[PDB]
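In structure tokens, the next block holds one chain alone, the form deposited in one PDB entry.
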């Protein structure tokens, strides 16, 4: 959907569409063809757990992407709020993340940058996975803490290709963060030390989860952050074990 600036009244702003209401907007003639098709690739990913690109503004000197407004922000923001989020809601968040990831991998899409900033939350505490850094979109990205969720095989090795297992690693650390209510690795001394430590087997401190976290989720996070990518499960594999666990115990 090719939108115009005049339908509303870089940087992120909250915007009011004249016919369609409240959205979030992030703001060279040769690149316009490629940018449009690249946005058409973003729009083909349609699922309840995946954010929707509602459209794009290609004007002279303004290039913007417009997505749906997710009222409660990112996942870390919800987790760090004073109103605590009960075990049943955390479990459902996990299930929904699994569903969103299973959908993306089923379409041959590797996220590459799964992290709590990229898990957006609506007013009823439902989630959608997003690619807010534009990891999957070269031209739009070109036209424009961060490493805690990254699989060790990508740390100090920028040339190796991401796989589905890269996202499984990220998921693992998201699970830890969901129960810890914070970023991991608070007691690290420096980033290069940390990176090397992580590459050698260091992982978030399981004992730093104070609240009740069921044994199954702790087992799951450990399996999903295994050093060998081939030892990590797939998202279909995770869904089939986690769904019945969620239904019996958490729902």
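Numbering follows the first chain given and starts at 1. Heads up, when I say rigid core I mean the largest set of C-alphas that superpose within 1.5 Å between the two forms.
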*Determine if residue 34 is unmodelled in a third or more of the other PDB entries compared for this protein.*
no
*Does a third or more of the other compared entries skip modelling residue 233?*
no
*Mind giving me a quick count class for deposited residues absent from the model between residue 27 and residue 28? Options are none, 1 to 3, 4 to 9, 10 or more.*
4 to 9
*asked:* If I compare the deposited sequence with the modelled residues, how many are absent between residue 9 and residue 10: none, 1 to 3, 4 to 9, or 10 or more?
replied: 10 or more
*Can you tell me which stretch has the higher mean Cα B-factor, 228-236 or 17-25?*
17-25
*Would 130-138 or 150-158 have the larger average of its C-alpha temperature factors, as given in the entry?*
130-138
*Whose CA atom has the top B-factor in the entry, of 198, 35, 218, 65?*
35
*Choose from 170, 181, 163, 144 the residue with the greatest Cα B-factor as stated in the PDB record.*
144
_Ranked against its chain, the third holding the CA B-factor of residue 49_ = lowest
*asked:* Taking only the Cα B-factors deposited for this chain, tell me whether residue 83 sits in the lowest, middle or highest third.
replied: highest
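The discussion below concerns the form deposited in another entry, not included here.
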*Superpose on the rigid core, then report which one of 89, 110, 139, 76 has a CA displacement of at least 2 angstroms between the shown form and the other one.*
139
*Indicate whether residue 60 shows a C-alpha shift of 2 Å or more between the shown form and the other one, with the rigid core used for the fit.*
yes
*Flag for residue 188, CA shift 2 Å or larger between the shown form and the other one after aligning core*: yes
*asked:* For residue 205, does the CA position differ by 2 Å or more between the shown form and the other one when the superposition is done on the rigid core?
replied: no
